[PDB]
Structure formats: structure tokens, C-alpha cells
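> Before we start, here is the structure in question, set down as C-alpha cells.
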There are 2 protein chains.
Amino acid sequence: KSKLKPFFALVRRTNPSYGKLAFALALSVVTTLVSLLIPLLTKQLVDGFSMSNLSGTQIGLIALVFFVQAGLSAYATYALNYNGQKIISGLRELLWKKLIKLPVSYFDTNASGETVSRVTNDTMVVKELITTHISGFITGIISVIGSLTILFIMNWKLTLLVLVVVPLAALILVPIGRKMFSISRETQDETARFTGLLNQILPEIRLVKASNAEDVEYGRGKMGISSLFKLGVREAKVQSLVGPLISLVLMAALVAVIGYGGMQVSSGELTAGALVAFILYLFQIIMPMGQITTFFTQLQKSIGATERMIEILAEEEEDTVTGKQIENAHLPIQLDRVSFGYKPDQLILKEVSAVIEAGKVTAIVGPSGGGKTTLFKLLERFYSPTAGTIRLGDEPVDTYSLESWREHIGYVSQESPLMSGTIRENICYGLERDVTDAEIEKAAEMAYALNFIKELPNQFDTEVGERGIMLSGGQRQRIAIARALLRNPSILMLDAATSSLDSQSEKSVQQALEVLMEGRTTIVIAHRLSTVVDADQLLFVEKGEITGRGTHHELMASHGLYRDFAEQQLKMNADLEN
Amino acid sequence: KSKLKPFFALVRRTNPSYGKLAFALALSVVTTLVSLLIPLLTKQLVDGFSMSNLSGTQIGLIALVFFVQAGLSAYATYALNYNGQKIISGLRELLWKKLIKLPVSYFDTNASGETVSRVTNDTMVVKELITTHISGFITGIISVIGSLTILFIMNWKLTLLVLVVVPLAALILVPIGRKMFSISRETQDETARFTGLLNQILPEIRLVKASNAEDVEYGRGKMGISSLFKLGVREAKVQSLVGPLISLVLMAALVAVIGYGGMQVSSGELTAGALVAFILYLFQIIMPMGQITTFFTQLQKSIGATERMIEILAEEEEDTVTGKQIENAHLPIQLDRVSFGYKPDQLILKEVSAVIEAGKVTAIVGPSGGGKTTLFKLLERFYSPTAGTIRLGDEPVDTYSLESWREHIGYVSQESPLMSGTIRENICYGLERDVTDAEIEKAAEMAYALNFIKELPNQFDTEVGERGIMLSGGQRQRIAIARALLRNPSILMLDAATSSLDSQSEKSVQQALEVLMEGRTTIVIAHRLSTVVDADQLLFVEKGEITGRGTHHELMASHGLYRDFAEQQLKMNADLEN
Ligand SMILES: CCNc1cc2oc3c/c(=[NH+]\CC)c(C)cc-3c(-c3ccccc3C(=O)OCC)c2cc1C
Ligand SMILES: CCNc1cc2oc3c/c(=[NH+]\CC)c(C)cc-3c(-c3ccccc3C(=O)OCC)c2cc1C
Ligand SMILES: Nc1ncnc2c1ncn2[C@@H]1O[C@H](COP(=O)(O)OP(=O)(O)OP(=O)(O)O)[C@@H](O)[C@H]1O
Ligand SMILES: Nc1ncnc2c1ncn2[C@@H]1O[C@H](COP(=O)(O)OP(=O)(O)OP(=O)(O)O)[C@@H](O)[C@H]1O
Ligand SMILES: [Mg+2]
Ligand SMILES: [Mg+2]
């Protein structure tokens, strides 16, 4: 609560803005002083400099130099802008050091398309306030206090009148402040959701063109713009209510300076020139009051923009803490009852319990929707179990720091996602070492990628492009297997890595992986049982429960379901010749 | 060329801005006139209204009402903002009516993750110019011309001097204009590329967390921010060069009004008060000159921002033109010498020629990297062939309008992409009809989806989230097959639709599809030959060439390769029991 406190804390966590802004403020206050000084000099300076010829020759250069001193007020502007930029740049670094550290559950919950716009399109709203309206506020406040002291030395009562009228402006501007806050929050939310929709539509352009939904999607993208337009005009329709109201307040103050002006008109007003000058300076003060009002409305709008970004920085990332660096990684992974559900109500794993042997092939097999890839996401500690935990040699897996547990496990996903860039920026990813270009090569050959990656310009960059769309549906899986094999991992985890590639490449990659990972522990999902018949252990997973565990022969002889699960399989290939 | 012409054309293609802006301009010019009028009245108005009390009682209300007429200058501001918003909103509709109409080749070429920022983060730069600096320019120009006529009626020569000095300001401000243009273009390009990088990183968060590349990716996201910061400070470092230079120009003009002032000081300067007033009004004119300079620099920056968006609107979309609405769709698709390459140099299809029979199953089978999905992208006219064309009943497929050709062909891709939203927003997509709930069902039951879609809260929305990540890798393929089966298509095209689902679901979906699509033409890719043994025709595709075409038995007996391609397959399943 008290939005100003968290906003200024979020700004003050961007430290190096703090230094030169003082110099900026000093230059601005001195420029404001010289602005207040110029007329008081210039009038009697005209009569004083009656001999313009002689005055301009020697002292006239002063009348030039002060002007370029006005030039050195421009510096203050640039100063602000530089410091201004640093603040928003600081903000982006904060968010980009938080977004990629939040646990994956936050990204299953919040769709990450929108948070990207939170990083890119929100802080650009914080730019305008810091860049201009802070200078506006400071010059306005100093000019107002100066004119206040002036009129105070003019009068003892009418200054009290205006200083009481000002609080009325505060209480009449508060509701517009709240409305600006609410409108800015909804507009920033709407721009975030719009960019999310558009980023989720465009990369799927093949689906749009093929389903013939160009028109429906243009409509659903137009209805998103129109909810910006209204939220981009209603806000304007509130800002217009700062123009009259402020003047309206001065109107009352005028009646005030008239009312007491009529009340004091016997003793006061004897120097009616004093009253006239009072009114003149009231005009001169109504200008900077408008400036201060613009700054307060912009502060409320900026808080309304960043009140959603002020909680992405409070989400508790979770990286290396225990530091118990893994030392063996060659132990059998034990699972004691390990139950887990993405949402807390429904359970997808109901007291699973298996023993992944060390240095052998264990195949998690089962019908779709059974909860296998979620079993790996448990086994790689993306999430954490709700029931009892995993162990290595009777030690819980929460005793080893995550950085020492993900640098030992090479995990090929069901999608085999690629990122835009080179193929040497996806075959080697995050490897702190310099790959040595004999290593990228042995890894690709162990994934049967060296054949197809030499027909193109090279390993060099067949820029895979966005989501690896410049490669096939089989070549990108081969590249993902290569990325997993490059790290020389102790525990391998293939989530159907031979899914979308043909039979020949399947046999080759199988031979290579079995030649390499002989002494290490491997866990493969086999959607078609022909590829894991030789596995050492099998885990039949159905509905989040491990129904049958054992070798292929004993399980198929003891498990009724899996036999059919194999038999139909056999039938098709047993039908191939006849 | 001549950037102002294309920019104003791009704005004028947003018509309904055009109307109320005239009212806005009239209100602004009248407010500028009353601003120029106020002092000339107010001085002798203090003298004439010395009554103090009698003037305020009856006529004093005028001194109030004109102030709220100042309030009705605020309207003009809101007017601009409203019209301002409409322009940028208009722009977004233009781009969103162009981006989803460009042929897919443009999206293979230009990564779409940057064009999304071109739509969302560029026009927000056009907002500031239209919202404020157009009013600034108009008031400044009118005030400058008024003061020019004033000083002209004061003097016949010194006004010529200042009107000659102004062109010097033009020629000294041109280079800053060009620098602002270049900096704005590079900054907009950099923000686009940054948002592209970030949108291609974040949705792959599992890959980042699992490859342990949190630190490398934070670094590659920080190096993107720093190239905004520099491009966001260098621009500021150019804007600061408008402050002094303009004043510097006035400096010369001062010497000018002094120089001829000394030249004419014999005849002129006899009314030295005239010279003093000339200098005073030169100050009063140096203010609006700064305003006009700000507007010109902002115009150059806005052109620098939109000079990349002014060509996305010139890319020649390609939708329904010939209008020869397809009438039969039950003819055999003939392929004449066809050849196609994504880039013009390398050919991926080298004179392919096949005959997809009408009402039968033709299976395109072949090793990965062979060019099958590109053969479908030819057969669905995403791209167009470079060699001879496709035909239906001896008629080229470029004789039928695309809208009548994509509403007849249901095409399941290799990725089976989903979009965030309901499952009833992906099982039925772009269908103009109301999709009864009995139809969504006889569809999702034909794809073996009715079983898993009832365990969850319902068809309603087990929101599949961004890229369908709230569903499995098999459930989303089943949903994609459902989306293809819902449209009741004459030509079906399954690009490995039974890839990532288990054997039982494979058999069920195969039985359902063979029960439904018996009278229609189907084309399936089979990566594992057990699923298309019963197909009527086979197309062995290797390296973009159709090596063997025929039934399974005759081809396997006549084609040496495919036999091994089958035999090894058999071996694994022939090894399953032993
Ligand atoms: C929230 C709406 N925002 C505004 C509110 C404003 O209120 C004003 C009250 C004034 N006191 C009572 C007369 C005077 C003098 C000028 C004002 C101007 C103003 C400033 C510069 C040039 C002309 C004017 C102007 O409006 O012309 C009048 C000289 C003004 C401008 C804006 C943008
Ligand atoms: C590109 C840099 N942009 C600027 C350039 C500027 O040049 C100015 C030249 C002037 N003529 C020669 C004296 C006067 C009078 C004021 C100026 C101001 C100015 C305007 C309002 C209040 C104070 C000042 C100001 O600088 O204080 C001086 C009164 C000013 C402001 C900015 C932002
Ligand atoms: N955010 C989520 N990520 C992954 N799975 C989720 C999520 N939310 C819910 N689920 C549930 O998890 C299950 C998918 O995980 P699972 O491990 O079953 O995939 P899978 O077994 O690899 O699928 P398949 O066997 O077809 O490859 C589904 O039943 C789905 O309802
Ligand atoms: N933008 C692109 N989109 C698709 N393919 C491209 C593109 N650019 C180049 N290609 C080439 O197209 C070929 C992939 O298309 P192809 O039809 O061979 O995929 P595929 O045969 O379905 O792959 P698989 O058989 O493994 O599923 C690759 O050789 C690749 O080099
Ligand atoms: Mg492919
Ligand atoms: Mg799955």
C-alpha cells in the first residue's frame, strides 16, 4: 500500500541514476533563478544601457555570454534524459534478471507472451515522467514558492488566502489522480494482452492461412486494438479535466482575493497598485500550478503503469543455494511415493515409486495422457513433488544444489525446441567452455546430424529462424538430440527423441547412443515399443500410476495390457509382409 | 524518396482523423489570438477598470467567463489527443490487415517476432508527435507570423534582417534533422530486434532452465538492452544540440539588428524606443522558434521510426482474385514437372510428377530431409511452384481462387500447432458457421479426443495456453486431427498426424479416419510404414525426387531401398517376441 513508497523503491533499486541528478537539479534551480531575475534587471538595464553602442562593445559581450549560459541550461535537459534513460534501462535489467529466474510454474500460470510486453512496453511509459515532468515539477515548485514569498512580502492576509485555496486544488485533483491510476493500469494490461495475442497468432501463420481464418483473426485482432483506443481516449478525456478545474480553483482564489479584498478594502487597497500587482502575480503563479498538476497526473499514470511490474520483482527465484555439488551421479535414482499435480486439486501422479538403475536403460512406456513427461519434469526438478521426494543413494534430491543437478542431466523434450540463430548456437547452448569444434562434430555424428548439416552452408548458421522453422520436423529433433549429447551427461533423458524421424535415422541414432551411453544412466520414452525391447527395465505408466515394472519379457508375460500394447504393434508389422 | 510525402500518405490512409482536426485547429488559432490579445487589453484595463468594485459586480463576470473560455482551449488539447489516438489506432488496423495477408514466404524470410514489435511499439512513437507537437508547431508558427507582421509595421529593414537570419537556422538545423532520422530508425530497429529475441527466448523457458543457460541468456538479453540505452542516449545527445544552436542563430540576428542598427543609427534609432521594442519582440519571437524547432526534430524522428513500417504496407497480399469457385474437388490431383525451392538457388523438389488419385489413400513416404512437407506446402498453395504447375482434371490449380481451395483441404501439420484459448477455439477455427455441440463432438470422437477431453473441466477450455503447453505432446496432435476432421474436407492431408501418440490411440484414430474418409481423397505421410501398408498408392520421396511410385507390394518387390526401409522395420518388431 502507499503506492509512492514501492514506486520510489523500485526506482532506487537502479542506483547509478542517483549521482548526476543532483548536478542536474542544481543547474535547473539556477536557471530558474536567472529566469526569475531577467525582467528585474532588463527594464532598468534598458534605461541604464542608454548608450547601446558603448554598452555593447565591451560589456555587450556579457549580453551574449549569458545567452550561451542559457545554452548551458540545455545541458540540464540532456542530463535528465541521460539519467532518465538509465533508470528505465536499469528497470529492464531488473526484470530480465527476474523473468528467467522464476520457476517454471509461474510460466505455466501466467502466459509469458504478455510478460514480454510488460518488460518492453511498460518501462517506456516510465520514460516520459522522468524525462520531462520531473524538471517541470521542480521548476514549477520553485517558481511557485518564490512568487509565494514575493506576494507574502506584499501582503500578510491574501497570501494566506491563496495558500488556503491551494489545498482545495489538492482535494479537487485527488479523484482525477485515482482515475488516471486506474486508466493507466487497464491500458497497460490491455497492451500487454494485445501483444500476447499477436505474438501467439503470428508465428503460427501457417495455421492461419490453412484454416482460412484470415478474416476471423483480423477481427479478433481489431477487437484488441479497439480496447486500446477506448482506453487511449478515456484517459485523454480525464486529462482534459485538469485544465478547467485548476483555473476554476484560481477563480475561487480570485473571489477570495476579492472577498477579503472587499473586507480589507478600507485599510488595504489604499495602495491599490499593491492589489493590482497581487492580481498580476496571481496570473504568474497560475502558470506553474498547471505545471505541477501535469506532473502529479503523470506520476499517478506512471504508478498505474508499473503497479503490475512492481510484483514481477517479488516472485522468489530459486537457483543454487545448498551448494552440495553432486559428486558421483552414478547412483540409482530412487523414487519414494512421489505424487505431483500441476494444479493443487487434481493429482497427475498418484504415489509413483520406481528405481531407475545406474548405468542401464529404463524405458517409461505407456498410453498418452498417462503422465510420463511430467514424471521427467519431476525427475529434473523443474517443479517439486507434493508427496515424498526423490533420492540418490538414500539422500533426498533437495540436498543437492540445482546447478550441480542440471549440469549432469541431458534432457531432450517432447517438442525439441530450437531457438533462432546458428546451428552452433543450438547444438552448444549455455556451455561455458569453448566448444572445441571437434566436440561439436563428434556430438553431431553421434546424433546422425553430420550428414544433413554439411549439405547446407555449414554448422555455421542455417539460421534455424523462429522456432526452428527453417529446418524440418525430423532435422530439428536430430539437432536437439545433438544438443543433449554434446554435454556428455551422466543421466540422459530422451522424451521421445526418435518420434518424428524415419526408420533409418532411428536405427543410426539408436546405435550411436547405445555405443556412447553404455556406462551412464539413460531414461527413454518409447511410444512405439520396437525401440526399447532391449531395455533393462520397463515402467508401464497409466493414469499417473506405475501399473507394471520389470524387464520386457517378464512384464509382457505378466502384464495383460502391455501384451496387447505389444501384440497390436506386432500385428501391423506382422501384417507388413502379409 | 521525399520522406514527407509517403509519411503523410500513410497518415491520410487513416481517413476519419481528417474531420474534427479542423475544429481543433480553429479553436487553437483563436486561443492563440486571445493569448496575443490579453496584455494589450489588460494594461489599460487596469487603468480603465480602476472602479475595482463596480467593475467586478456586473462586468466582472466577464473577467470570470473568459477564463473558462480558456477552459475551452483545453478541449482543443483533448480534441488533438482523440484525433491523435485515432491516427495511431488507424495505423495498427492497417498493419494488422496486412501482416496476416502477406504470403508465407515473407514470414520465412523476415522473422515475424520482430514485425509484432513493429506493429505494437512503432506507432506508439507516432503518438507523441501528433498529440502535442502539431499543436506546438501551429501555435508557434502563428505567433511567429504575428510578431513578424508587428515588427514589420515597426521597421522595414530589420524585419528583412531577421527573415534572412531564419533561413540560416533552417540550414543549420538540417543536419540535426538527418541525425534524428537515422537515430530514430536504428532505435526502432533495435527495439524490434530486442522484442524478437525476448519473445523467442521466453516461451522456450524449459529449454533455458534445463540447459542451465540462465546466465548466458541473461547476458544475451543484457547486451540487447545496452544497445537500446546507447541508442536512447545518443538521440538525446543530439536533441540537446537544438537548444544552443537556435539561440546561436538569434545571436547572429542580434548582431544583425545591431549591425544594421549601427548602419541605420543615424536616421533610424532616432526613436530608440522603437529599437528597444524591436529587441523585446525579438525575445518574444525566440520562444516560438524553439517550439517550431522541437516540432521539426520530432517530425524527423517520427519519420525515422515509421520508415520501416511504410513498406510493410507495400507487400502485395494475394487472396481470392480469380473467383473460379471449386465445384467438384473429387478429381485426381495431377502434378506435372514440378520443382520448387525456398531460396531461388537451391532446389528442394527437382521435377516431381505424381498423380494423387481421387478417393484413395496415397502415402508419401521417405527418409527425413527428403522434401515431403514441402510437397504438401506446394499442394496447398502456400507457395507456388517454379516449374510447371498442379492440375485438377487437366486444369491448372492457379485457375481456382485460393479461398475455394483452402476451404476444401484439411491439413494437419508436422507440429500440430495450437493457439491459446479454449479447446472449442482450436477444434473449430475460422468456421463461419455456428459449430453445433453435436458437430464438435462427432468430430472430437472421430479423432479419439472425446475420452481425454471429458476427464478435464470440458471442451470449454482446459485453456491450452501459449503454444498448447497445458496439454501433452499426444493430446495436442489429437486435437489437431480433430480440427482437420471438423471441417468435413474433400482432400485430407495428414503430415504425420500419428507421430507422437501411442499405439492404441493410433489404431483407434486410424479406424475412425478410414471409416469417415472412404469416399474422399486422403494423403498421409507415414514415418513408420506399419500405418500405411494398406494404402492404395505409395510415393517414395528421396532428395526431392520421387524414386518409386506404386502399391506397397509391387514397390517393395521392385524397389531395393524401400524393402530395406521396410525390412529393418520388420526386424525390430520381428525381434519384439524374439
Ligand atoms: C490541462 C489543459 N492544459 C493547459 C491549461 C492551460 O491553462 C492556462 C491558464 C491560464 N490562466 C488563465 C488565463 C493561462 C494564461 C494559460 C493557460 C494555458 C496556456 C499555456 C500556454 C499558452 C497558452 C495557454 C492558453 O490557454 O492561452 C491563454 C493565454 C494552458 C495550456 C494547457 C495545455
Ligand atoms: C533544446 C533545449 N530546449 C530549450 C531551450 C530553451 O531556450 C530558451 C531561450 C531563451 N532566449 C534567450 C534567453 C529563453 C528566454 C528561454 C529558453 C528556454 C526556457 C523555456 C522555459 C523556461 C525557461 C527557459 C530557460 O532556459 O530559462 C531562461 C529564461 C528553453 C527551454 C528549453 C527546454
Ligand atoms: N502445464 C502443464 N504441463 C504439462 N502437463 C499438464 C499441464 N497441465 C496439466 N497437464 C496434464 O498433464 C498431462 C500431460 O503430461 P504427460 O506426462 O501425461 O504427457 P505425456 O505422458 O508425455 O503425453 P504422451 O504420453 O501423449 O506423450 C495431461 O493429462 C495434462 O492434462
Ligand atoms: N523455410 C523453410 N521451411 C521448410 N523447409 C525449408 C525451409 N528452408 C529450407 N528448407 C528445407 O526444406 C527441407 C525440409 O522440408 P521437408 O519437406 O524435407 O521436411 P520433411 O520431409 O517433412 O522432413 P521429415 O521427412 O523429417 O519430416 C530441409 O531440407 C530444409 O533444408
Ligand atoms: Mg519434416
Ligand atoms: Mg506427452
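Order determines the names: the first chain of the C-alpha cells is A, the second B, and so forth; residues in each chain are numbered 1 upward, and ligands are numbered 1 upward as they are shown.
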At a cut-off of 6 Å, list the chain B residues touching chain A, using only C-alpha atoms, as a list in words.
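That gives the following set of residues: residues 71, 74, 78, 82, 213, 216, 233, 240, 243, 244, 367, 368, 430, 502, 527, 530, 570, 572 and 573 of chain B.
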> Go ahead and write the selection's residues with N, CA, C and O atoms as a compact mmCIF listing (two decimals), in the first residue's frame.

# COMPACT_ATOMS: atom_id res chain seq x y z
N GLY B 71 -10.70 27.66 -20.41
CA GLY B 71 -11.05 26.27 -20.23
C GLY B 71 -11.42 25.58 -21.53
O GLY B 71 -11.03 24.43 -21.75
N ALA B 74 -8.71 23.94 -23.47
CA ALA B 74 -8.36 22.58 -23.07
C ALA B 74 -9.03 21.56 -23.97
O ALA B 74 -8.42 20.54 -24.32
N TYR B 78 -7.72 17.97 -25.84
CA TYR B 78 -8.40 16.68 -25.89
C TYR B 78 -8.75 16.32 -27.32
O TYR B 78 -8.54 15.17 -27.73
N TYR B 82 -7.72 12.89 -28.97
CA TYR B 82 -8.67 11.95 -29.54
C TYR B 82 -8.32 11.66 -30.98
O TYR B 82 -8.03 10.52 -31.34
N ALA B 213 21.35 -22.54 -19.06
CA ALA B 213 21.82 -21.33 -19.72
C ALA B 213 21.12 -20.08 -19.21
O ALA B 213 20.92 -19.14 -19.98
N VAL B 216 23.94 -17.31 -19.54
CA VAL B 216 24.24 -16.89 -20.91
C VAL B 216 23.08 -16.13 -21.50
O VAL B 216 23.27 -15.14 -22.22
N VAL B 233 20.40 7.25 -25.63
CA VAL B 233 21.09 8.41 -25.08
C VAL B 233 21.72 9.25 -26.19
O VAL B 233 21.68 10.48 -26.11
N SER B 240 19.85 17.85 -27.53
CA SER B 240 20.48 18.95 -26.83
C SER B 240 21.13 19.96 -27.77
O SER B 240 21.29 21.12 -27.38
N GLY B 243 19.07 23.35 -28.56
CA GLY B 243 18.99 24.43 -27.61
C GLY B 243 19.90 25.59 -27.94
O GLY B 243 19.45 26.70 -28.24
N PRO B 244 21.21 25.36 -27.90
CA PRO B 244 22.15 26.45 -28.17
C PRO B 244 22.08 26.97 -29.59
O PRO B 244 22.01 28.19 -29.78
N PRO B 367 12.79 -41.06 -46.38
CA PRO B 367 13.66 -40.65 -45.27
C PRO B 367 13.59 -39.15 -45.05
O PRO B 367 13.24 -38.38 -45.94
N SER B 368 13.94 -38.75 -43.83
CA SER B 368 13.88 -37.35 -43.45
C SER B 368 14.76 -36.50 -44.36
O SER B 368 15.66 -37.01 -45.04
N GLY B 430 -11.98 -20.63 -37.37
CA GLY B 430 -12.34 -19.94 -38.59
C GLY B 430 -13.62 -20.42 -39.23
O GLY B 430 -14.03 -19.84 -40.25
N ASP B 502 0.47 -42.84 -28.85
CA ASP B 502 0.81 -44.23 -28.61
C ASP B 502 0.15 -45.14 -29.64
O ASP B 502 -0.50 -44.68 -30.58
N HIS B 527 5.89 -42.02 -41.31
CA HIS B 527 7.30 -42.17 -40.98
C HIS B 527 7.62 -43.61 -40.60
O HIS B 527 8.76 -44.06 -40.78
N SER B 530 4.20 -49.16 -40.81
CA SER B 530 3.14 -50.06 -40.37
C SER B 530 1.75 -49.44 -40.53
O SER B 530 0.75 -50.16 -40.51
N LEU B 570 10.49 -54.37 -39.99
CA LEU B 570 10.06 -55.71 -39.62
C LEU B 570 10.97 -56.31 -38.56
O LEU B 570 10.50 -56.81 -37.54
N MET B 572 12.80 -55.08 -36.16
CA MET B 572 12.55 -54.64 -34.79
C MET B 572 11.31 -55.32 -34.23
O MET B 572 11.37 -55.94 -33.17
N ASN B 573 10.20 -55.28 -34.97
CA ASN B 573 9.01 -55.93 -34.46
C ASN B 573 9.15 -57.44 -34.56
O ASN B 573 8.66 -58.18 -33.70
> What residues in region 359-570 of chain A get the DSSP label helix (DSSP H, G or I)? Please answer as an MDAnalysis selection string.
chainID A and resid 373:379 397:399 403:406 439:446 466:468 475:486 503:516 529:531 552:558 560:570
> Would you mind telling me which residue in A:478, A:20, A:559, A:391 lies nearest to ligand 5 when using only C-alpha atoms and all ligand atoms?
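The answer is A:478, which sits nearest to ligand 5.
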> Quick one: everything within 8 Å of residue 485 (chain A), counting only C-alpha atoms, minus sequence neighbours fewer than 6 positions away in the same chain. Send it as a short mmCIF file (atom, residue, chain, number, x, y, z; two decimals) with C-alpha atoms, in the first residue's frame.

data_model
loop_
_atom_site.label_atom_id
_atom_site.label_comp_id
_atom_site.auth_asym_id
_atom_site.auth_seq_id
_atom_site.Cartn_x
_atom_site.Cartn_y
_atom_site.Cartn_z
CA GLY A 410 20.79 -34.01 -20.58
CA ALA A 443 28.34 -34.83 -30.96
CA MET A 446 26.51 -39.38 -32.59
CA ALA A 447 23.18 -37.83 -33.44
#
> Contacts of residue 458 (chain A) at 12 Å or less, counting only C-alpha atoms, minus same-chain residues fewer than 5 places along, as a CSV table (one decimal) with N, CA and C atoms, in the first residue's frame?

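The result, written out as selection12.csv:
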chain,number,residue,atom,x,y,z
A,422,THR,N,22.3,-19.5,-35.0
A,422,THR,CA,23.1,-20.5,-35.8
A,422,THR,C,22.6,-21.9,-35.4
A,423,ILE,N,23.2,-22.9,-36.0
A,423,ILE,CA,23.1,-24.3,-35.5
A,423,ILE,C,24.2,-24.5,-34.5
A,424,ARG,N,25.2,-23.7,-34.5
A,424,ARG,CA,26.3,-23.8,-33.4
A,424,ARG,C,25.8,-23.0,-32.2
A,441,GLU,N,31.6,-31.6,-33.6
A,441,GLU,CA,31.5,-32.6,-34.6
A,441,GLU,C,31.2,-34.0,-34.1
A,449,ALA,N,23.6,-36.2,-37.3
A,449,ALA,CA,23.3,-34.8,-37.9
A,449,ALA,C,24.4,-34.4,-38.8
A,450,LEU,N,25.6,-35.0,-38.8
A,450,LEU,CA,26.7,-34.6,-39.6
A,450,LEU,C,26.4,-34.7,-41.1
A,451,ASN,N,25.5,-35.6,-41.5
A,451,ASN,CA,25.2,-35.9,-42.9
A,451,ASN,C,24.4,-34.7,-43.5
A,452,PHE,N,23.3,-34.3,-42.7
A,452,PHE,CA,22.4,-33.3,-43.3
A,452,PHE,C,22.9,-31.9,-43.1
A,453,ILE,N,23.9,-31.7,-42.1
A,453,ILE,CA,24.3,-30.4,-41.8
A,453,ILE,C,25.5,-29.9,-42.7
A,463,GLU,N,20.2,-20.6,-40.5
A,463,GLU,CA,19.7,-19.8,-39.3
A,463,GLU,C,18.4,-20.7,-39.2
> I'd like to know which of A:425, A:266, A:357, A:163 is closest to residue 462 (chain A), using only C-alpha atoms.
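The shortest atom-to-atom distance to residue 462 (chain A) comes from A:425.
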> When you count only C-alpha atoms and all ligand atoms, which of these residues is closest to ligand 3: A:294, A:547, A:309, A:105?
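Looking only at the distances to ligand 3, the closest residue turns out to be A:105.
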> Select from region 274-490 of chain A everything DSSP, run on the backbone, classes as strand (DSSP E), then give the selection as number ranges by chain.
A: 333-335, 338-340, 349-352, 355-356, 361-365, 390-392, 395-396, 409-412
> Using only C-alpha atoms and all ligand atoms, can you tell me which of A:34, A:292, A:166, A:174 comes closest to ligand 1?
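Going through A:34, A:292, A:166, A:174 one by one, the smallest distance to ligand 1 is for A:292.
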> Mind giving me the straight-line distance from CA of residue 152 (chain B) to CA of residue 282 (chain B) in Å, one decimal?
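Straight-line distance from CA of residue 152 (chain B) to CA of residue 282 (chain B) works out to 11.9 Å.
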> May I ask for the distance between CA of residue 264 (chain A) and CA of residue 159 (chain A), given in Å to one decimal place?
13.4 Å
